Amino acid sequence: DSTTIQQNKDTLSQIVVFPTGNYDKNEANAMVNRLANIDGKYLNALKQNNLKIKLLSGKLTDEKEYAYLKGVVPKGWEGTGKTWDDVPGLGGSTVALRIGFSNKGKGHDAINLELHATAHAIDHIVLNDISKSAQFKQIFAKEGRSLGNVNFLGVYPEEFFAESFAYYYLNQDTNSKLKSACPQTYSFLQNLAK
């Protein structure tokens, strides 16, 4: 409801960091609004852990903390001809996101960039790598190839977790698609949020 969405935006106000210089303020806002759909318990946990969601106006590797990834081919991106220099988002111990690259087809094939990235942070920092737990590995073994991109999502349980998470929280349509395609994963996320 309205109050809860606002609470989540308030939490995100203490998580999201905007870039210095010129950038698309309207699209940055849109990204925050999509992130506000994530269950508040995860957002509160991100805040408590001082996890920042860094929005960027340029390449990830032009940031001092990611310069070491220049020329490095990300996990699962083998054969793409792309390196981290070309990748618009990152999630894990940190989160970094290029403004304007949210949608599928903008340098990636995730249903939504910021939700996928933030899911990685929630997985790693908040949930202590639950995607690599025995419970999730069993679910992944059954349903991990039912959301497409099977050489990525079907291979890395942390990626299946992150994209399922994104389907669950992006909108009603994707939420429904996940339920139909991956019922055990859907139930798992549903219970995770209790």
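Throughout, we count residues from 1 along the sequence that is shown.
Look at the C-alpha B-factors of 47-55 and of 161-169. On average they run higher in 47-55. Of the two segments examined, 27-35 and 131-139, it is 131-139 that shows the higher average Cα temperature factor in the deposited entry. When the CA B factors of the chain's modelled residues are split into thirds, the value for residue 147 lands in the highest one.
Ranked within its chain, residue 103 lands in the middle third, by CA B factor from the PDB record. Per-chain ranking of the deposited C-alpha B factor places residue 78 in the highest third.
Ranked by C-alpha B-factor against the other modelled residues of its chain, residue 15 falls in the middle third. The PDB entry assigns residue 22 a C-alpha temperature factor belonging to the middle third of its chain's modelled residues.
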